[PDB]
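Asks: build me a model:
(8 chains, ligands or ions: 32)
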Amino acid sequence: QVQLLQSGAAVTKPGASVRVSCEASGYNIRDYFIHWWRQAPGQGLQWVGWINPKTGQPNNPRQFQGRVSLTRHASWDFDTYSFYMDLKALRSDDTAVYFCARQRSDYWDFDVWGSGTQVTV
Amino acid sequence: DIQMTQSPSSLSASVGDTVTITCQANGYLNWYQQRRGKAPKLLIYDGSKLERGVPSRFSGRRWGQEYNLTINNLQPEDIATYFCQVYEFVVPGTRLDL
Amino acid sequence: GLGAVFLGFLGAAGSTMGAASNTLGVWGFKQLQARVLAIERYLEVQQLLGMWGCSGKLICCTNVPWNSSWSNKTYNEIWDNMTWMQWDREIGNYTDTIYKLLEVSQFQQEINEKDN
Amino acid sequence: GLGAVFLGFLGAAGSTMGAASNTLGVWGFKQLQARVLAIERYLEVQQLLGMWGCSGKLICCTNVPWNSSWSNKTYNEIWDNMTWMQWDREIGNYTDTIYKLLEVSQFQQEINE
Amino acid sequence: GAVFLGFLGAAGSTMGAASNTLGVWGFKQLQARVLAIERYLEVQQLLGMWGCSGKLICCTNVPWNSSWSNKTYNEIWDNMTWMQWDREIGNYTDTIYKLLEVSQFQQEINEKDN
Amino acid sequence: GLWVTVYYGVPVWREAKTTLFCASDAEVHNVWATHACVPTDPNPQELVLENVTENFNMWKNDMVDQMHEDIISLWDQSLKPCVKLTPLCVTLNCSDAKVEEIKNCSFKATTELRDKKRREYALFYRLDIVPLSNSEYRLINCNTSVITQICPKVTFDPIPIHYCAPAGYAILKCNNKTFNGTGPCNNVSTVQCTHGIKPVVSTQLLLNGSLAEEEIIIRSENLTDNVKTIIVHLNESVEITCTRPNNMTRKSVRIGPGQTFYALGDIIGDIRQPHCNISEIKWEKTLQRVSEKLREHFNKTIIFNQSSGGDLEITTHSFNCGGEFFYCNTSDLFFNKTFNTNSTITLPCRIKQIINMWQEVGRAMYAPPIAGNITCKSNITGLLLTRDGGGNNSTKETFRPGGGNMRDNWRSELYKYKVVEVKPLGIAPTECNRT
Amino acid sequence: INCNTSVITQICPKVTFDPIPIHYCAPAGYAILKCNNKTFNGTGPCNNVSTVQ
Amino acid sequence: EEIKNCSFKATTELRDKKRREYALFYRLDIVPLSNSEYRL
Ligand SMILES: *[C@@H]1O[C@H](CO)[C@@H](O[C@@H]2O[C@H](CO)[C@@H](O[C@@H]3O[C@H](CO[C@H]4O[C@H](CO[C@H]5O[C@H](CO)[C@@H](O)[C@H](O)[C@@H]5O)[C@@H](O)[C@H](O[C@H]5O[C@H](CO)[C@@H](O)[C@H](O)[C@@H]5O)[C@@H]4O)[C@@H](O)[C@H](O[C@H]4O[C@H](CO)[C@@H](O)[C@H](O)[C@@H]4O)[C@@H]3O)[C@H](O)[C@H]2NC(C)=O)[C@H](O)[C@H]1NC(C)=O
Ligand SMILES: *[C@@H]1O[C@H](CO)[C@@H](O[C@@H]2O[C@H](CO)[C@@H](O[C@@H]3O[C@H](CO)[C@@H](O)[C@H](O)[C@@H]3O)[C@H](O)[C@H]2NC(C)=O)[C@H](O)[C@H]1NC(C)=O
Ligand SMILES: *[C@@H]1O[C@H](CO)[C@@H](O[C@@H]2O[C@H](CO)[C@@H](O)[C@H](O)[C@H]2NC(C)=O)[C@H](O)[C@H]1NC(C)=O
Ligand SMILES: *[C@@H]1O[C@H](CO)[C@@H](O[C@@H]2O[C@H](CO)[C@@H](O)[C@H](O)[C@H]2NC(C)=O)[C@H](O)[C@H]1NC(C)=O
Ligand SMILES: *[C@@H]1O[C@H](CO)[C@@H](O)[C@H](O)[C@H]1NC(C)=O
Ligand SMILES: *[C@@H]1O[C@H](CO)[C@@H](O)[C@H](O)[C@H]1NC(C)=O
Ligand SMILES: *[C@@H]1O[C@H](CO)[C@@H](O)[C@H](O)[C@H]1NC(C)=O
Ligand SMILES: *[C@@H]1O[C@H](CO)[C@@H](O)[C@H](O)[C@H]1NC(C)=O
Ligand SMILES: *[C@@H]1O[C@H](CO)[C@@H](O)[C@H](O)[C@H]1NC(C)=O
Ligand SMILES: *[C@@H]1O[C@H](CO)[C@@H](O)[C@H](O)[C@H]1NC(C)=O
Ligand SMILES: *[C@@H]1O[C@H](CO)[C@@H](O)[C@H](O)[C@H]1NC(C)=O
Ligand SMILES: *[C@@H]1O[C@H](CO)[C@@H](O)[C@H](O)[C@H]1NC(C)=O
Ligand SMILES: *[C@@H]1O[C@H](CO)[C@@H](O)[C@H](O)[C@H]1NC(C)=O
Ligand SMILES: *[C@@H]1O[C@H](CO)[C@@H](O)[C@H](O)[C@H]1NC(C)=O
Ligand SMILES: *[C@@H]1O[C@H](CO)[C@@H](O)[C@H](O)[C@H]1NC(C)=O
Ligand SMILES: *[C@@H]1O[C@H](CO)[C@@H](O)[C@H](O)[C@H]1NC(C)=O
Ligand SMILES: *[C@@H]1O[C@H](CO)[C@@H](O)[C@H](O)[C@H]1NC(C)=O
Ligand SMILES: *[C@@H]1O[C@H](CO)[C@@H](O)[C@H](O)[C@H]1NC(C)=O
Ligand SMILES: *[C@@H]1O[C@H](CO)[C@@H](O)[C@H](O)[C@H]1NC(C)=O
Ligand SMILES: *[C@@H]1O[C@H](CO)[C@@H](O)[C@H](O)[C@H]1NC(C)=O
Ligand SMILES: *[C@@H]1O[C@H](CO)[C@@H](O)[C@H](O)[C@H]1NC(C)=O
Ligand SMILES: *[C@@H]1O[C@H](CO)[C@@H](O)[C@H](O)[C@H]1NC(C)=O
Ligand SMILES: *[C@@H]1O[C@H](CO)[C@@H](O)[C@H](O)[C@H]1NC(C)=O
Ligand SMILES: *[C@@H]1O[C@H](CO)[C@@H](O)[C@H](O)[C@H]1NC(C)=O
Ligand SMILES: *[C@@H]1O[C@H](CO)[C@@H](O)[C@H](O)[C@H]1NC(C)=O
Ligand SMILES: *[C@@H]1O[C@H](CO)[C@@H](O)[C@H](O)[C@H]1NC(C)=O
Ligand SMILES: *[C@@H]1O[C@H](CO)[C@@H](O)[C@H](O)[C@H]1NC(C)=O
Ligand SMILES: *[C@@H]1O[C@H](CO)[C@@H](O)[C@H](O)[C@H]1NC(C)=O
Ligand SMILES: *[C@@H]1O[C@H](CO)[C@@H](O)[C@H](O)[C@H]1NC(C)=O
Ligand SMILES: *[C@@H]1O[C@H](CO)[C@@H](O)[C@H](O)[C@H]1NC(C)=O
Ligand SMILES: *[C@@H]1O[C@H](CO)[C@@H](O)[C@H](O)[C@H]1NC(C)=O
Ligand SMILES: *[C@@H]1O[C@H](CO)[C@@H](O)[C@H](O)[C@H]1NC(C)=O
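Replies: Residues are numbered from 1 along each chain as shown, chains lettered A, B, ... in the order given. Ligands and ions are numbered 1, 2, ... in the order given. Next comes the structure:
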């Protein structure tokens, strides 16, 4: 649980694509799931989906289905696993900051979070 | 179809007193605090168990379908937007006071 | 040794106490562990009985009085309404105390016949 | 455990029925396997004897009579003409049946008290 | 296992007073279990063949010849403990075991023809 | 009372975990190494308890955990003797196959004569070899782990195996017939020795295996949670049978002293793309029956949609067919199928030679080819699905087939078992007062 | 002579391959029967049999 | 004279190919062949 650093801020015009990267080194990445969260200005948290590190099986809400695509690319060593999040279509309401979380056990609790990556349109 | 509500929507209390927040929800509930622009942090999981790294004076209790979070003797840096976190449902919190 | 007889005791498990009486590789190393594990359990039961003065007798009585602290219920109710399982749950805490008191009784009983 | 006690029974094997009464590596895993087999064998005899009411008794006496189908012979021929070898095969076919009725005989004795 | 440690209690007390009162881990443990279980049966094996098959104190019908020992009963259970007893008879323990064994067989036959 | 008595052989048991051994029923070595399994009893005991109720949960059951550990060891033991294909990763100059699925080419490797180089031609599938840069390829998994070829002698046929409890222990099972996954069942029977279980490996549609009766049982750790998978059990056997029409040719390639590498050799006969076919009307109504069961458990309208994506081992149905490992779409079965003739649904798909099964750290394995077409039937008796949800949905609760951890395959057949220790010592009050 | 069909392994220099008499000795609960018929081939009954552990 | 930084090459992903690599070793970990040459 040493760190869960994320990518930097980026700006994309409507109709473009944005890439956000999340890296984890300390803990064993093949044992705990990873979740992605969204938060638009002046609003609470939102759910984007989860990706299983063992097998790259994503799971996203209906609204984001067909747009967001979660990918995991392990390094040569079984450490510093890289988690990506790509979306195709943009909307005026997609202006938000996306975080990188981690599920610990059956209890849906998150103790390590990334800094954030603000994306505008 | 887990449901939850936030009755107050606006909280105010002077420093040094006892203030509480409640989130009536089904299933497991987790409490988080969010600074301005930074990621949240976990206080308690399963409603009562305490996370490592959260300072004392932060504790929670469960009574039926309602969850208690007791905040006491406020000191600076404690102002936060507290929200209850169900599996994939989070409701907006409330800035405590200052 | 044979486990078939052990499963025989399990018949009529739900019946009352009174009614019950009336009625080189992994494959080869796991087997060896089971055989060593299985044989120990048989001797563990025998070892306790051997030092209780009972030498394999299915029903065996003793002379230790029953302390009212552990339990005090009428005999008929226990053997006519209760089951073997519920007995272990309430006495399970005090089984160790009961076991120790049995040991001294047999030791005292045998010594008495010597001095006479 | 000790095999000498087993050896003594083999003595006078050919003697008549009555006369018998009157008179990490390869080495270490096989040894362990044989040792586990040796100890298991002893309890098989004890287990059968214990459930028949035989508790450390060289000779026992039960309370079950013979069925006429098993055999029809009297004492003198059995105990002075045959030997344990050929005699056993005569009753061997009924060995399993006798075991079942022998265990219940001891069990029903204990419930009486 | 604790029962064996119980015998060592009051070791120094006199005989009379004592009566009144896949890997390295997995195979070594396996060997110990088969070694310990065998040792238990070696003691039990001898006891059964002698007619006393679980009694705390046995009772036998073999006379005490003067050959092995010669001393008064009072000066056996009052001055020395069990440890010194072994050295005086430890050499001849084989003879007593064989002689005592045949006694059980002889007694059994005398019971059968009764 | 006032006097104690001890009873031996009483019906008392308490939960415990203990090692279990194998048993086989009825010349050629097996990967499961069933030759060491003791013969099964001619007629196993099926003692039944009448007035006793017990509760147990399969999710916390240790029987499934033990099976998962030993199965891994068996494959580890199986691959130890036969050789490992280390000396095959070189600059594989492959352009195309004369017969984007099959690639024919040769690799420059030496067997003896240290200062000499001689080429040998072998055929590999397109997905087996990944590009190195044009017209240059390389073996996929040898920058992560060493590849070892399965021993030719052993066979992959799954035969039933019984995990049979040791003496002094009992296994409790109940046939509640609509038995819930977790909770108390009031009809428990004690079986000393379990019944046959087939170690089958699959990812999406459980195959072969036992069925249910007059029910469509749905089991999961918790319905509300999303990560937890849903195990469906079908009472109707929807037969699935398919073949590989193409004809192979075995060929041996030297790689070292006493080491042989069997390649795909030469292709004989016209190329025919492999596929698997499934009855249409039989499957179309099969999901509808499952949909009705899921409707009451969720109260909302249900839609099946294909898997979102991922690795080839989870996004495609996989199984073993006579030593050949398949990976098929199963996309036409769960696409746009909202549930509120002789037509047959064909499911074209391809084959993979190097398989990363038993997902773990740094471990690969190569499957030698087999000459001649192969035919294999099978029964579909359960679907593994992962619910896709964000809530706040007017009905429209989408269900997407997926996979999960290997133990989920066997939990569907071990869902009624509990190994339990037996304590036959009992103490009761009695007025005996031993004479 | 053998590298294209097998792998040669040196014998450990320390060990000695000289034969030393050994006893194949049965466990407890089992016996071994040997009969000392002066003239007797592999098959056939023999009337002088002794039990050796 | 306590820690030495230097280069060499050994096996890689592909047997035929080579890669030059560098690592730091302590002075007493390695021994000289003789000038500017060492080995484990
Ligand atoms: C999938 O996951 C979900 C999510 O976890 C899980 O949901 C659980 O479901 C079970 C069963 O429905 C829940 O357990 C129940 O909890 C009830 C509420 O207990 C709380 O409130 C008690 C005060 O009484 C309240 O309720 C009554 C009745 O509704 C009401 O009149 C009152 O006014 C008041 O509102 C309180 O005492 C209790 O605290 C006790 O228990 C907790 C442990 O839960 C313990 O830690 C405390 O120390 C204290 O002892 C708790 O705070 C409860 O009423 C209910 O009781 C029934 O069962 C008992 C069994 O003996 C009966 O005796 C009794 O009469 C009732 O019939 C039951 O215990 C559980 O809370 C859910 N989970 C969560 C997180 O809430 C699913 O089960 C999961 N599914 C699967 C398949 O795994
Ligand atoms: C589900 O059950 C079916 C039916 O038994 C299984 O199909 C069987 O698969 C085996 C795999 O080896 C076939 O064995 C083969 O038989 C042929 C012909 O005898 C032989 O030439 C091969 O060398 C091999 O031994 C078997 O014939 C086949 N059964 C049939 C065709 O009826 C299927 O494998 C089971 N499911 C799973 C996942 O295994
Ligand atoms: C498998 O179980 C399903 C129910 O889960 C059965 O479907 C019902 O079968 C009965 C048979 O009389 C029909 O009357 C119903 O209309 C069917 N549907 C429902 C929703 O109940 C199905 O028949 C079972 N199949 C087998 C082979 O037993
Ligand atoms: C699997 O089922 C499909 C049905 O779609 C079979 O495909 C047909 O096979 C016959 C065989 O003579 C051909 O005449 C048809 O033209 C085929 N139709 C289609 C649409 O492909 C297929 O042969 C079956 N395969 C097996 C192994 O049973
Ligand atoms: C092996 O090489 C392939 C292709 O260059 C690459 O995709 C893969 O990530 C490498 N292995 C590891 C463990 O990174
Ligand atoms: C706890 O929650 C209940 C229910 O919302 C509320 O009535 C009570 O005042 C709360 N108490 C504290 C100390 O937060
Ligand atoms: C179970 O209870 C019923 C009803 O009292 C009784 O008839 C039956 O005999 C009981 N079962 C046993 C095994 O005694
Ligand atoms: C026995 O009972 C007496 C009185 O009920 C009590 O004082 C004593 O502690 C009990 N002893 C045990 C061992 O239960
Ligand atoms: C036995 O001890 C346990 C310890 O947790 C306790 O919960 C239980 O109530 C006790 N039961 C009896 C009958 O003393
Ligand atoms: C044993 O003999 C006695 C005396 O003749 C007799 O009373 C008794 O019934 C016999 N035992 C049996 C089982 O018949
Ligand atoms: C004796 O054996 C016959 C068959 O061999 C059987 O029919 C009969 O019931 C048996 N009788 C007894 C008393 O065992
Ligand atoms: C025992 O039964 C078998 C059954 O086939 C028979 O062949 C054999 O002759 C029987 N034994 C004797 C001694 O007759
Ligand atoms: C130990 O020796 C002392 C005298 O030295 C004696 O008083 C005591 O009783 C002895 N204890 C035992 C257990 O023999
Ligand atoms: C007692 O021992 C003496 C010593 O040799 C021996 O001569 C004598 O026969 C023995 N008597 C008995 C009864 O053991
Ligand atoms: C016991 O035997 C040993 C070895 O023969 C001998 O050295 C010792 O003196 C003997 N002791 C007695 C008391 O006879
Ligand atoms: C691969 O083989 C072809 C043979 O047609 C040759 O033309 C080409 O140069 C080769 N490429 C290499 C060795 O990189
Ligand atoms: C199976 O268990 C359920 C639990 O609610 C029960 O209602 C049902 O009657 C049981 N089945 C049978 C056949 O008793
Ligand atoms: C099994 O019982 C539990 C507890 O009542 C329940 O939550 C669960 O939904 C049941 N199983 C199914 C498949 O409904
Ligand atoms: C319990 O299951 C057995 C399994 O065959 C069945 O025979 C029996 O009828 C069942 N019990 C009830 C009450 O239906
Ligand atoms: C499939 O294999 C069988 C087995 O002999 C053979 O008879 C048949 O001709 C084969 N068919 C094809 C299309 O390869
Ligand atoms: C494959 O390529 C090699 C390249 O030399 C060629 O000789 C051969 O004819 C091709 N076809 C097959 C089936 O090997
Ligand atoms: C879902 O529940 C509601 C409320 O009881 C009911 O009106 C509706 O018909 C249900 N839908 C189903 C069972 O599909
Ligand atoms: C199924 O998924 C596809 C693409 O993923 C989508 O176009 C279609 O609308 C989905 N089906 C629904 C929502 O019923
Ligand atoms: C088969 O699956 C692939 C991806 O796994 C998909 O692109 C393709 O469309 C599927 N086949 C059909 C006929 O849709
Ligand atoms: C999905 O299913 C709905 C159900 O009626 C249908 O209207 C729609 O056209 C389907 N879309 C696709 C892409 O199959
Ligand atoms: C095709 O496959 C069959 C499978 O039995 C085999 O016998 C035959 O030799 C192969 N080749 C041809 C040309 O049929
Ligand atoms: C598959 O289902 C059929 C339908 O009766 C059955 O005959 C067959 O035995 C099943 N498969 C297996 C392997 O039992
Ligand atoms: C989402 O929640 C709001 C607030 O309860 C509700 O009005 C709305 O109908 C929900 N969405 C759907 C599709 O039901
Ligand atoms: C033991 O019980 C019997 C009757 O079962 C009775 O006659 C006797 O007096 C009792 N002994 C004692 C010491 O109470
Ligand atoms: C040896 O065997 C023969 C029979 O082949 C027998 O006649 C002879 O007596 C045997 N030898 C002895 C010494 O008995
Ligand atoms: C059997 O062999 C033994 C070997 O010592 C010999 O003493 C004996 O006389 C032999 N008996 C016969 C009948 O040959
Ligand atoms: C170490 O030696 C290498 C030579 O390969 C050189 O490139 C590098 O700059 C040197 N210093 C460090 C800190 O690596």
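Asks: give me the distance from the helix or strand harbouring residue F:206 to the chain's centre.
Replies: If you go by DSSP states H and E, residue F:206 is part of strand F:205-207. The chain centroid and the centroid of strand F:205-207 are separated by 8 Å, computed with C-alpha atoms, centre = their mean, to the nearest Å.
Asks: one more: stretch B:90-98?
Replies: 8 Å.
Asks: returning to that earlier point: can you list the strands that the strand holding residue F:206 pairs with?
Replies: For strand F:205-207, the pairing partners within the sheet under DSSP bridges are strand F:379-387 (antiparallel).
Asks: give the next helix or strand downstream of the strand it pairs with.
Replies: Sequence order places strand F:397-401 as the next helix or strand after strand F:379-387, per DSSP H and E.
Asks: and the next element down the chain from that next one?
Replies: Heading C-terminal from strand F:397-401, the first helix or strand you meet, by DSSP H and E, is helix F:407-411.
Asks: summarise which helices and strands that next one is packed against.
Replies: helix F:62-79 (3 or more C-beta pairs under 8 Å, 6 or more residues apart in numbering or on different chains; DSSP states H and E). C-beta: built from backbone N, CA, C; applies to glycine.
Asks: now do the buried residues in the helix it packs on.
Replies: Going by neighbour count (16 or more other C-beta atoms under 10 Å in any protein chain shown), the buried part of helix F:62-79 is F:63-64, F:66-67, F:70-71, F:73-75, F:78-79.
Asks: what of stretch B:74-81?
Replies: Using 16+ other C-beta under 10 Å as the burial criterion, the residues of stretch B:74-81 that qualify are B:74, B:78, B:80-81.
Asks: and the contacts of the strand holding residue F:206?
Replies: The list of residues contacting strand F:205-207 from outside it, by C-beta atoms under 8 Å, 6 or more residues apart in numbering or on different chains, reads F:200, F:240, F:317, F:319, F:330, F:378-384, F:401, F:409, F:412.
Asks: next SSE after that strand?
Replies: Using DSSP H and E, the next helix or strand after strand F:205-207 towards the C-terminus is strand F:217-220.
Asks: quick one: that next one near ligand 17?
Replies: No - residues of strand F:217-220 are not located near ligand 17 by C-beta under 6 Å from any ligand atom, the shortest gap being 11.5 Å.
Asks: just checking: what are the partner strands of that strand?
Replies: Partners of strand F:217-220 in the sheet, by DSSP bridges, are strand F:230-233 (antiparallel).
Asks: the partner strand and ligand 1 in contact?
Replies: No - Strand F:230-233 lies apart from ligand 1 when judged by C-beta under 6 Å from any ligand atom; the minimum separation is 12.4 Å.
Asks: which residues sit in contact with the residue lying farthest from the centre of chain B?
Replies: Among the C-alpha atoms of chain B, the one farthest from their average position, using C-alpha atoms, centre = their mean, is that of residue B:1, at 21.8 Å. Contact criterion C-beta under 8 Å, 6+ apart gives F:299-300, F:391 as the residues in contact with residue B:1.
Asks: make CSV from those and add neighbour count and distance to chain B to it.
Replies: Written out in CSV, the entries for those read as follows (neighbours: other C-beta atoms under 10 Å in any protein chain shown; distance: C-beta to the nearest C-beta, whole Å):
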residue, neighbour count, distance to chain B
F:299, 9, 8
F:300, 15, 8
F:391, 16, 6
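Asks: out of those residues, who's near chain A?
Replies: For chain A, no contacts are drawn from those by C-beta under 8 Å from any C-beta of the partner chain.
Asks: could you dump these into a markdown table with distance to ligand 17 added?
Replies: Below are the contacts of residue B:1 laid out as a markdown table (distance: C-beta to the nearest ligand atom, whole Å):
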| residue | distance to ligand 17 |
| --- | --- |
| F:299 | 19 |
| F:300 | 24 |
| F:391 | 28 |
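Asks: so which of the residues you listed comes closest to residue A:8?
Replies: When the contacts of residue B:1 are compared for distance to residue A:8, the smallest value, 31.9 Å, is given by residue F:391; criterion: C-beta to C-beta.
Asks: re earlier: which of the contacts of residue B:1 sits closest to ligand 7?
Replies: Of all those, ligand 7 sits closest to residue F:299, with 38.6 Å by C-beta to the nearest ligand atom.
Asks: which positions within the longest helix belonging to chain C qualify as buried?
Replies: Longest helix in chain C, counting residues (DSSP state H): helix C:26-50. Judged by neighbour count (16+ other C-beta under 10 Å), helix C:26-50 contains these buried residues: C:26-43, C:45-46, C:48-50.
Asks: give me the distance between the two termini of stretch C:75-87.
Replies: When the termini of stretch C:75-87 are compared using C-alpha to C-alpha, to the nearest Å, they are 13 Å apart.
Asks: what residues does the residue nearest the centre of chain A make contact with?
Replies: Taking C-alpha atoms, centre = their mean, the centroid of chain A lies closest to residue A:36, which sits 3.8 Å from it. Residue A:36 sits next to A:48-51, A:68, A:70, A:85, A:98-101 when contact means C-beta under 8 Å, 6+ apart.
Asks: quick check: the two most widely separated of those?
Replies: Put simply, by C-beta to C-beta the two of those set farthest apart are A:68 and A:101, 15.2 Å from each other.
Asks: now do the helix or strand harbouring residue C:21: which elements does it pack against?
Replies: Taking DSSP H and E as the criterion, residue C:21 maps to helix C:17-22. For helix C:17-22, the elements it packs on are helix C:75-81, helix C:84-91, judged by 3+ C-beta pairs under 8 Å, 6+ apart.
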